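> Sharing a structure below in structure tokens format, with a few things to ask.
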Amino acid sequence: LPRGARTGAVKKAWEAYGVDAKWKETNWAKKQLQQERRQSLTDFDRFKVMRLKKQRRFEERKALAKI
Amino acid sequence: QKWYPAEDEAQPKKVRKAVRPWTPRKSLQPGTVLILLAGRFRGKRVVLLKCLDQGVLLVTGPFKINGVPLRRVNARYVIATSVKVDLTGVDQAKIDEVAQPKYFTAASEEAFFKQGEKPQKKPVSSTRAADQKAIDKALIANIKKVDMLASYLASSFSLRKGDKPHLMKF
Amino acid sequence: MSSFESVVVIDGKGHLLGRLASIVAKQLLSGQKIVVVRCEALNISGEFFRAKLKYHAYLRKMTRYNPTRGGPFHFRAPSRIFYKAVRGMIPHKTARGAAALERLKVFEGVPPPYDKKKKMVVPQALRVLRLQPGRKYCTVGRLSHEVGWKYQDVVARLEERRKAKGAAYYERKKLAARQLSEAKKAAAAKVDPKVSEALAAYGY
Amino acid sequence: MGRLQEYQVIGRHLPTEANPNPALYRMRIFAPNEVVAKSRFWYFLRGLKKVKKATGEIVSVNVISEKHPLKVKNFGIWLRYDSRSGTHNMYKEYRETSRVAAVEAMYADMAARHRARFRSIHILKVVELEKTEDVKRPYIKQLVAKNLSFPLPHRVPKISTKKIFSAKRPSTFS
Amino acid sequence: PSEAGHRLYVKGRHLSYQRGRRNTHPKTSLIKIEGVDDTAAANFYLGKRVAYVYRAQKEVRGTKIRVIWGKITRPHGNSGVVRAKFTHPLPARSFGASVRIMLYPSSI
RNA sequence: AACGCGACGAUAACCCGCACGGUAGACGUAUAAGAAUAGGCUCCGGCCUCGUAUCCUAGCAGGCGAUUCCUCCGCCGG
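Chains as they are written, first to last, in the deposited numbering: chain LM, 72 to 138; chain LE, 25 to 130, 137 to 200; chain LO, 1 to 204; chain LS, 1 to 174; chain Lf, 2 to 109.
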């Protein structure tokens with residue numbers, strides 16, 4: 072990136088290097104996307120997760136008891 | 025009337041306070057699942073039927089899902105949840121019947143001898159049980175189609191650790 | 001973020017003295033029970049000798065001290081050096097003030113009730129967050145040891161024993177971390193994958 | 001002193017029969033608002049010449065905005081302050097994106113290292129250093145040096161002040 | 002069995018009265034709501050009902066529980082503390098005692 | 001320390017009458033490495049600003065009977 076580059080020149084390097092695609096792969100963004108999706112959960116979709124983690128947990132325990 | 029005014033009790037002046045219809049919040053719609061916060065059915069999730077006058081709300085359980093009958097409740101004492109159920113097939117004529125104000129409102139030997147005794151719990155009436163069944167018949171059949179709503183409505187709302195209601199989206 | 005706990009245990013290592021004392025005294029008055037462990041590992045800013053003059057200065061301005069309750073008594077252990085700090089920050093001549101100190105409970109080392117419990121930290125009083133890197137600091141254990149605390153080698157040997165018990169705790173927690181992660185991978189093949197995407201679309 | 005702005009203040013003597021069309025003096029004044037910019041203008045003008053506010057009028061007050069506030073440049077500020085000992089002259093260098101930002105930098109810097117307030121401090125000349133090697137100053141010199149790249153060790157992370165208790169000891173590697 | 006709770010209130014602590022250095026006014030009390038830390042979060046809890054529940058060591062209605070009711074009037078400070086007005090002022094020895102903040106009246 | 005403390009030895013019962021069921025503050029009152037902050041952890045793949053996490057969390061304040069599961073919890077003994 073050239074020093075002091077104006078907005079057009081940084082945009083040229085932005086699209087060429089693909090900063091947005093690399094940021095989505097970055098683990099910092101996945102934690103952010105997990106956080107935003109968690110915060111948008113309504114009360115009825117909170118009742119799914121209580122029911123739904125229970126179903127997932129049951130296959131975890133016979134696997135855990137196996138080993 | 026009959027009597028001359030026997031004292032100097034002045035009549036009140038004509039007050040300028042006309043009664044105007046109550047405008048409910050946008051989140052209250054027919055079919056919205058509601059969370060009761062006060063009363064004997066606190067914490068219970070219920071389904072709204074009709075918005076009545078002066079902040080009163082007509083709400084059913086339905087009875088076979090959680091146990092809440094046809095009842096009234098105040099708007100400020102309830103929380104509206106983003107899930108909305110369908111009321112296709114529900115009798116609007118029967119709902120308009122149970123929305124009337126008269127519905128939920130209504137010296138001898140036996141009078142003297144029952145002084146101090148605790149009154150016996152009178153049971154449910156035939157019409158109250160029959161109107162309940164007529165309203166709910168198309169209601170829980172609607173509830174079975176949407177997945178996990180039956181266990182949702184039979185459950186009770188509560189707050190866990192870290193549950194901050196100013197951040198919870200309902 | 002303003003959570004109410006039953007009792008909160010504060011690890012004392014790497015914490016500055018008066019900033020921990022100011023935060024603790026506000027929670028005691030608010031109604032929080034406080035337990036402080038490792039009072040010998042607390043830190044006081046500045047060089048060691050600066051701590052020595054203010055120890056000599058406190059004994060200077062008091063004629064005929066009580067040997068048992070005060071005077072050089074307060075400096076003869078690290079637990080009660082901290083108790084002297086919290087007491088000057090609390091209305092101790094009031095019954096609300098006395099009640100706030102009964103919520104406090106300070107120790108040197110980690111007693112057996114509190115080594116199996118979780119020890120939190122206070123970010124606003126941590127030495128490495130508040131002090132400049134080149135600034136020099138002293139430990140309250142070596143302040144009390146040069147005043148007359150007698151059990152510095154005692155609390156050391158009990159602490160090196162506690163590390164050894166803690167080493168066996170991780171080695172048990174290592175094996176649980178293997179088995180839990182393995183069971184997560186093992187049951188994911190039969191986790192009914194209509195529902196695995198449902199949890200991923202909700203954040204779990 | 002605050003978010004100062006630049007002000008062009010032009011004024012002249014109230015005309016008489018003897019001197020119609022007076023001389024129209026102009027001054028550039030840094031001030032937080034216009035009523036301070038006009039006050040500084042009459043303060044200086046009575047200092048050099050005999051004109052005063054009572055016998056004078058102000059013909060214009062205009063804001064001089066930055067031509068390129070998105071470009072970073074070096075500023076040389078000539079200066080004059082009155083201490084207890086007397087008045088002295090010095091010259092500071094600042095690196096900001098605007099002249100009012102450099103004067104903001106000066107006023108905090110001069111009050112810190114020399115304890116000089118707004119009344120004592122007189123602006124002499126603030127001018128953009130157009131070309132390198134006209135920078136006469138060491139801490140600016142290392143910044144204008146070739147391929148600047150420094151680490152950020154021991155950065156204290158933002159922990160919210162209302163989270164009094166923390167479960168994990170924070171890390172200072174971010 | 003459910004093995005779940007029944008709490009429908011936010012937890013709070015009675016901090017003090019409205020006061021200066023030395024002039025305390027008992028008719029308004031200060032409450033620290035759990036989870037609120039800015040003035041923005043305190044704006045949610047305004048005009049919510051607030052109950053103070055205690056025990057009295059005598060049964061008057063078959064119960065030793067007595068309640069004092071109130072409401073959250075305005076935010077206090079920048080840290081989420083709120084001002085509460087009750088029917089009667091809270092005692093004094095309840096400084097640092099539990100307070101139940103209800104979720105009614107609701108506008109959600 | 002006679003108004004601090006630890007270990008140990010030896011150590012108070014049936015009958016008759018009659019008065020009542022605190023605590024500065026429970027409501028999921030769940031969560032043990034150590035050590036450093038010019039570093040560290042690990043499953044050795046990788047990972048650490050973020051405890052904004054993990055566990056637990058449905059039913060008359062939580063019933064009855066099933067279908068169905070050998071998961072979770074509790075009491076006594078070794």
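Don't be surprised by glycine CBs; every beta carbon is placed ideally from N, CA and C.
Report yes or no: is there a C-beta of chain LE within less than 8 Å of the C-beta of residue 20 of chain LM?
Nothing about residue 20 of chain LM can be read from this structure; chain LM reaches only from 72 to 138.
> Residues of chain Lf with a CB under 9 Å from the CB of LE/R66: which are they?
Along the second sequence, one-based indexing puts residue 66 of chain LE at 42. Within chain Lf, the residues near LE/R66 are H7, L9.
> Enumerated in chain order, which unbroken segments of the alpha helix (DSSP H) with a length of 4 residues or greater are wholly contained in the segment 103–128 of chain LO?
Within the segment 103–128 of chain LO, no complete alpha helix (DSSP H) run reaches 4 residues.
> Would LE/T105 pass as a contact of LM/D116 if the rule is Cβ separation under 8 Å?
Locating residue 105 of chain LE in the second sequence gives position 81, where the first residue counts as 1. Locating residue 116 of chain LM in the first sequence gives position 45, where the first residue counts as 1. Cβ distance not < 8 Å, so LE/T105 and LM/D116 don't count as in contact.
> Could you pull out every residue in the same chain whose Cβ sits closer than 6 Å to the Cβ of LS/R137, ignoring the five residues on either side in sequence?
The residue you call residue 137 of chain LS lines up with position 137 of the fourth sequence. Correct list, in chain order: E93.
> Taking C-beta pairs closer than 8 Å, name the residues in chain LS that residue 209 of chain LO reaches, listed in chain order.
No answer is possible for residue 209 of chain LO: it lies beyond the span of chain LO, which begins at 1 and ends at 204.
> Taking DSSP as the reference, what is the three-state secondary structure of residue 1 of chain Lf?
Since the displayed chain Lf opens at 2 and closes at 109, residue 1 of chain Lf lies outside it and no answer follows.
> Locate the alpha helix (DSSP H) running through LS/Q8, then write down its first and last residues.
As a first step, residue 8 of chain LS is located in the fourth sequence; it is residue number 8 there, counting from the start. Element bounds for LS/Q8: not the alpha helix (DSSP H) but the beta strand (DSSP E), 5–13.
> Along the segment 86–102 of chain Lf, what residues have a CB closer than 7 Å to any CB found in chain LO?
Per Cβ criterion, the list reads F96, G97, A98.
> Taking the alpha-carbon positions, what's the LS/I140 to LO/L42 distance?
As a first step, residue 140 of chain LS must be located in the fourth sequence, where it is residue number 140. As a first step, residue 42 of chain LO must be located in the third sequence, where it is residue number 42. Straight-line Cα distance between these residues: approximately 41 Å.
> Run through DSSP, which three-state label would LS/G76 get?
Here residue 76 of chain LS refers to the residue found at position 76 of the fourth sequence. In the structure shown, LS/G76 sits in a strand (DSSP, three-state: E or B).
> For a contact defined as C-beta to C-beta under 7 Å, what are the partners of LM/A134 on chain LO?
Within the first sequence, numbered from 1, the residue matching residue 134 of chain LM stands at position 63. The answer, in chain order, is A183, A186, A187.
> Can you name the start and end residues of the beta strand (DSSP E) that LE/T157 belongs to?
If you number the second sequence from 1, residue 157 of chain LE lands on position 127. From DSSP, LE/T157 is part of no beta strand (DSSP E) but of the alpha helix (DSSP H) over 156–175.
> Do LE/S181 and LE/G67 count as a contact pair if the criterion is CB distance below 8 Å?
For the purposes of this step, residue 67 of chain LE is taken as the residue at position 43 of the second sequence. For the purposes of this step, residue 181 of chain LE is taken as the residue at position 151 of the second sequence. Contact: no.
> Kindly say whether LM/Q126, judged by its beta-carbon, lies nearer than 8 Å to any beta-carbon of chain LO.
As a position in the first sequence, residue 126 of chain LM is number 55, starting the count at 1. LM/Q126 counts as touching chain LO.
> Could you spell out the range, first to last residue, of the beta strand (DSSP E) harbouring Lf/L31?
If you number the fifth sequence from 1, residue 31 of chain Lf lands on position 30. Where Lf/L31 is concerned, the enclosing beta strand (DSSP E) stretches over 25–34.
> Between which two residues does the alpha helix (DSSP H) harbouring LS/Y139 extend?
To locate residue 139 of chain LS, count along the fourth sequence from 1; it is residue 139. It spans 138–141 - the alpha helix (DSSP H) in which LS/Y139 sits, taken as one unbroken run.
> So if DSSP puts LO/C138 in a beta bridge, which residue, or which two residues, is it bridged to?
On the third sequence, residue 138 of chain LO is found 138 positions in, with the first residue counted as 1. Partner(s): LO/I44.
> Give the straight-line distance between the Cα atoms of LO/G70 and LO/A21, rounded to the nearest whole angstrom.
Start at 1 with the first residue of the third sequence, and residue 70 of chain LO comes out as number 70. Start at 1 with the first residue of the third sequence, and residue 21 of chain LO comes out as number 21. Roughly 19 Å between the two C-alpha positions.
> So which residues of chain LM does LO/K174 contact, with C-beta pairs closer than 7 Å?
Locating residue 174 of chain LO in the third sequence gives position 174, counting from the first residue. Correct list: empty, because the minimum Cβ distance to chain LM is about 15 Å.
> Can you find at least 3 beta carbon pairs, one from the segment 23–38 of chain Lf and one from the segment 66–85 of chain Lf, that sit closer than 8 Å?
They touch, by the three-pair rule.
> Hey, could you find the ends of the beta strand (DSSP E) LS/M27 is sitting in?
Counted from its first residue, the fourth sequence places residue 27 of chain LS at position 27. First-last of the beta strand (DSSP E) with LS/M27: 25–31.
> Does the Cβ-Cβ distance between LO/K54 and LO/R38 come in under 8 Å?
Within the third sequence, residue 54 of chain LO is the residue found at index 54, counting from 1. Within the third sequence, residue 38 of chain LO is the residue found at index 38, counting from 1. For LO/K54 and LO/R38, no; Cβs fall outside 8 Å.
> Nearest-angstrom Cα distance between LM/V81 and LO/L180?
For the purposes of this step, residue 81 of chain LM is taken as the residue at position 10 of the first sequence. For the purposes of this step, residue 180 of chain LO is taken as the residue at position 180 of the third sequence. Distance between the alpha carbons of LM/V81 and LO/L180: 46 Å.
> Anyone know if the C-beta pair for LS/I121 and LS/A102 falls short of 8 Å?
Indexing the fourth sequence from 1 puts residue 121 of chain LS at position 121. Indexing the fourth sequence from 1 puts residue 102 of chain LS at position 102. Not a contact, by the Cβ cut-off of 8 Å.
> For LM/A84, collect the residues of the same chain with a Cβ closer than 7 Å to its Cβ; drop the 5 residues on either side in sequence, then sort them by chain order.
Your numbering for residue 84 of chain LM matches position 13 in the first sequence. Once the five neighbours on either side are set aside, the close Cβ partners of LM/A84 are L72.
> How would you call LS/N74, buried or exposed, if buried means at least 16 neighbouring beta carbons within 10 angstroms?
Here residue 74 of chain LS is taken as the residue at index 74 of the fourth sequence, counted from 1. Buried: at least 16 other Cβ atoms inside 10 Å.
> Select from the segment 147–172 of chain LS all residues with a C-beta closer than 9 Å to any C-beta belonging to chain Lf, and list them in chain order.
Going along the segment 147–172 of chain LS in chain order, one finds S160, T161, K162, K163 with a Cβ nearer than 9 Å to chain Lf.
> Bridge partners of LO/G70, per DSSP?
Counted from its first residue, the third sequence places residue 70 of chain LO at position 70. According to DSSP, LO/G70 bridges with nothing at all.
> Quick one: list the residues of chain Lf neighbouring LO/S22, beta-carbon separation under 7 Å, in chain order.
In the third sequence, counting from the first residue as 1, residue 22 of chain LO sits at position 22. Within chain Lf, no residue comes near LO/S22; the closest Cβ sits about 15 Å away, beyond 7 Å.
> Determine the burial state of LM/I138: buried for a count of at least 16 other Cβ atoms within 10 Å of its Cβ, exposed for fewer.
Here the question's residue 138 of chain LM lines up with position 67 in the first sequence. The residue in question, LM/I138, is exposed, as its Cβ has fewer than 16 Cβ neighbours within 10 Å.
> If you reduce the DSSP assignment to three classes, tell me which class LE/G55 lands in.
On the second sequence, position 31 is the one that residue 55 of chain LE refers to. Residue state, collapsed to three classes: coil.
> Using only the alpha-carbon positions, how far apart do Lf/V51 and Lf/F96 sit?
Along the fifth sequence, one-based indexing puts residue 51 of chain Lf at 50. Along the fifth sequence, one-based indexing puts residue 96 of chain Lf at 95. Distance between the alpha carbons of Lf/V51 and Lf/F96: 15 Å.
> Under the three-state reduction of DSSP, which class applies to Lf/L16: helix, strand or coil?
Your numbering for residue 16 of chain Lf matches position 15 in the fifth sequence. In this structure, Lf/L16 counts as strand in the three-state DSSP scheme.
> Looking at LO/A100 and LO/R19, is the spacing between their C-beta atoms short of 8 Å?
For the purposes of this step, residue 19 of chain LO is taken as residue 19 along the third sequence, with counting starting at 1. For the purposes of this step, residue 100 of chain LO is taken as residue 100 along the third sequence, with counting starting at 1. No, these two residues do not count as a Cβ contact at 8 Å.
> With a threshold of 16 other CB atoms inside 10 Å of the CB of Lf/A57, please say whether the residue is buried or exposed.
As a first step, residue 57 of chain Lf is located in the fifth sequence; it is residue number 56 there, counting from the start. That one is exposed.
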